[PDB]
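Student: Next input, structure requested:
(2 chains)
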Amino acid sequence: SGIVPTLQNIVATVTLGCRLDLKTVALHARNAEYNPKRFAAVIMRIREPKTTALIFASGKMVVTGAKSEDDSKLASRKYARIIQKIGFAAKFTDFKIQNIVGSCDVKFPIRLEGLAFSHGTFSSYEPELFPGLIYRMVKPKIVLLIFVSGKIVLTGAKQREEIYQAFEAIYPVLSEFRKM
DNA sequence: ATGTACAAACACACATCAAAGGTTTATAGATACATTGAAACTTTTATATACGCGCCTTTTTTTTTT
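Tutor: Numbers count the residues shown, from 1 in each chain, chains lettered A, B, ... in the order given. And now the structure:
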């Protein structure tokens, strides 16, 4: 392989443990996008770490755009601190990353036609809307989006580690299906 | 001599029975709504990937009165 699956989004859940006044949360924040007509969750974008989070009336926050487990975790801790400054005793309790989506590259042109045709059972293709293949692995259970540019979009894991394992499993397939 | 009010036949005029049928309507078939709970349904996003299209937004061209 020799290629790290480069994460582009990490979505995580944080139980602040309080019924947050989403109106006051929006009011006391600096740049927060909350109005009920789209969702029941204040969405805040913090530039450091730059993450976008929706926090619900349950006080549960789901965070996206992180580049690491620690980007999301530190961002969520900052989010809880911001909520506490707002006035609600937010606390980092029973945190869990619900999604780790990444894009990386293997850089060798691929016979995507070969894979999809011979892995019709596993991968399906209708190249007249979107030129990417969809592949599944159960161990680890990662779904992977493949495009001729070599871009690999690995999704379906709470951790980047399942991303890494399925990438170490799928890059050999890619090189096998490398078009030249 | 002598036929007359009176009541029996004796076959019949008279009140009665009975089949048929419109009309009314519960009564039921079927009817069209009225309930509601329930699951089949919507949403973010970002995230790149590689598209348009229309609409944000703007530059260049286009058009009536004194």
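Student: Was I right to think residue A:160 contacts residue A:99?
Tutor: No - at 10.9 Å, residue A:160 and residue A:99 do not qualify as touching, with contact defined as C-beta atoms under 8 Å. (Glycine included, C-beta is placed from N, CA and C.)
Student: Counting neighbours around each, name which of the two comes out higher.
Tutor: Taking neighbours as other C-beta atoms under 10 Å, residue A:160 and residue A:99 compare with residue A:160 leading, 22 against 17.
Student: Write out the residues of chain A neighbouring DNA strand B.
Tutor: Within chain A, the positions lying close to DNA strand B (C-beta under 7 Å from any atom of the strand) are A:8-9, A:11, A:38-39, A:43, A:52, A:54, A:62, A:64-65, A:101, A:103, A:130-132, A:147-149, A:151, A:153, A:155.
Student: what about burial for those, which qualify?
Tutor: A:8-9, A:11, A:43, A:52, A:54, A:62, A:64-65, A:101, A:103, A:132, A:147, A:153, A:155 (16 or more other C-beta atoms under 10 Å).
Student: Do you have the helices of chain A handy? List them.
Tutor: For chain A, the helices defined by DSSP state H cover A:22-28, A:69-86, A:112-118, A:160-176.
Student: quick one, which of those helices is nearest to residue A:139?
Tutor: Residue A:139 sits nearest to helix A:160-176 of all the helices of chain A, at 8.2 Å, using C-beta to C-beta.
Student: Contacts for the closest one, please.
Tutor: A:1, A:3-5, A:7, A:68-69, A:100, A:102, A:104, A:106, A:108, A:110, A:115, A:135, A:137, A:140-142, A:144, A:146, A:152, A:154, A:156-157 (C-beta atoms under 8 Å, 6 or more residues apart in numbering).
Student: These in strands, which ones?
Tutor: If you go by DSSP state E, the contacts of helix A:160-176 have A:7, A:100, A:102, A:104, A:135, A:144, A:146, A:152, A:154 in strands.
Student: Neighbour count for those residues - can I get that in JSON lines?
Tutor: Shown next, in JSON lines, are the ones in strands among the contacts of helix A:160-176 (neighbours: other C-beta atoms under 10 Å):
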{"residue": "A:7", "neighbour count": "21"}
{"residue": "A:100", "neighbour count": "27"}
{"residue": "A:102", "neighbour count": "22"}
{"residue": "A:104", "neighbour count": "20"}
{"residue": "A:135", "neighbour count": "21"}
{"residue": "A:144", "neighbour count": "24"}
{"residue": "A:146", "neighbour count": "24"}
{"residue": "A:152", "neighbour count": "25"}
{"residue": "A:154", "neighbour count": "28"}
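Student: my guess is residue A:59 contacts residue A:92, does it?
Tutor: No - using C-beta under 8 Å as the test, residue A:59 is too far from residue A:92 to be in contact (11.8 Å).
Student: which residues are in contact with both of these two?
Tutor: Residues within reach of residue A:59 and of residue A:92 at once, by C-beta under 8 Å, 6+ apart, are residue A:16.
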